[PDB]
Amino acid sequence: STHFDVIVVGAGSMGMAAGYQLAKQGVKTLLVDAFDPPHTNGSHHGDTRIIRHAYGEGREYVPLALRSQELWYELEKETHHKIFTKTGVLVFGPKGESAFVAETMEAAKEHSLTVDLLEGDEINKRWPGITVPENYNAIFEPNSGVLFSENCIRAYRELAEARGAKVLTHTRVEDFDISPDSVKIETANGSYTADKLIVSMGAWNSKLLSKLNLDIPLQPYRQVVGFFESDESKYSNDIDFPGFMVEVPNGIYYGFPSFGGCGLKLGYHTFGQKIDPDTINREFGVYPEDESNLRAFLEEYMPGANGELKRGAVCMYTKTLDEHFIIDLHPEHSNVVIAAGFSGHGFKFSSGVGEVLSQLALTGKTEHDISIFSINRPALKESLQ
């Protein structure tokens, strides 16, 4: 017999951030999660996440990235958990052959972002450990960096709970009952009601949004990352080796410097197995591509980091057709907010998104420009059942 002002289903990257924003405003909030965030069954583990500002995916992304960066700095000051390290972010690729690099450079110029432009041997000289052909160019963002994603969610949860937010763990929501003036969720642990609902189930959005009369193409992908023993005199954060996201002939790869000798971490961004969040195999190495795809990149571009595999993780991306997020009110219910399809690049924005979700839930509007994330946009191919 407990009503809430707002109920958040899926207390992960986006949901926990939202819960923190709501709780900080004295809003009676209930956060429900299938597991106990942060955990390793969703899209937020792997310890680290990159945050860049020269977002060429769309201008709207820049302001959100900068607001998120400020929010991350605020979180750092509010918790004892480590939140962010300014490793800087390096983006490189073949000159004139990378839409990603060109887009990044354009975004930097258009928003007057502080960056360094270098090419060929200059890259190899500035960062020993990196070996790119002379026809490669790059753009470096010194003020971007690395977020400790699990710590972010953990910190937001501890802060939210301390302010009154209730967190119901290991409880999978199975259905929704929406009315013009209230929302109700159904779980094996019971039913709950509220005035507003926020839906942010990550990979599971592709399976449960249908329970909200929504038919939106969402494809979950199995994405692995690996930690490799590396030459610490070159790849350590201590010697300023940067975080990175680059485009080479066979795709986009991202990486992180070795922290406290944990080893350089690498991931293959443009490829992943299409899976279902309930049947995905979370063991690293069951597919030969898991490790081989990573080493193929390292031996060519960062040979000193192609050492023994120290650790592996299996995580998920949830892609929309245009790879842009979905942040909007349910088209048939203004009291329901949807956060889905972050397509492999949403964590850096989670702090900002939590703020947006909080505003949408409480006012039906947000001060941020979220037009490109509309649930009604054509390229999404969204429809009602």
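For clarity, a rigid core is taken as the largest C-alpha set superposing within 1.5 Å between two forms. All residue numbers refer to positions in the sequence shown, first residue = 1.
**Q** Between 349 to 357 and 55 to 63, which has the larger RMS C-alpha deviation from this form in 5 other deposited structures of this protein after core superposition?
**A** Higher average C-alpha offset in 5 other deposited structures of this protein goes to 55 to 63.
**Q** Mind pulling up the entry and telling me whether 350 to 358 or 49 to 57 has the higher mean Cα temperature factor?
**A** Looking at the recorded C-alpha B-factors, 49 to 57 comes out higher on average.
**Q** Can you tell me whether 94 to 102 has a higher mean C-alpha B factor than 237 to 245 in this record, or the other way round?
**A** Comparing averages over the C-alpha atoms only gives 94 to 102.
**Q** Between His80, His269, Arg222, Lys184, where does the Cα B-factor run highest in the record?
**A** That would be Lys184, according to the entry.
**Q** Could you say which of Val167, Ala188, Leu197, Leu159 has its CA atom at the highest B factor, as listed in the PDB entry?
**A** Of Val167, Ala188, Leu197, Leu159, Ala188 has the highest C-alpha B-factor.
**Q** Sorting the chain's CA B-factors, does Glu229 end up in the lowest, middle or highest third?
**A** For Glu229, the deposited C-alpha B-factor lands in the highest third.
**Q** Check where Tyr73 lands among this chain's C-alpha B-factors and tell me if it's the lowest, middle or highest third.
**A** Lowest third, going by the recorded CA B-factors of the chain.
**Q** Which third, lowest, middle or highest, does the C-alpha temperature factor of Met14 belong to within its own chain?
**A** It falls in the bottom third of the chain.
**Q** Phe256: which third of its chain by C-alpha temperature factor?
**A** Lowest third.
**Q** Please place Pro331 in the lowest, middle or highest third of its chain by C-alpha B factor as given in the entry.
**A** CA B-factor rank for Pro331: highest third.
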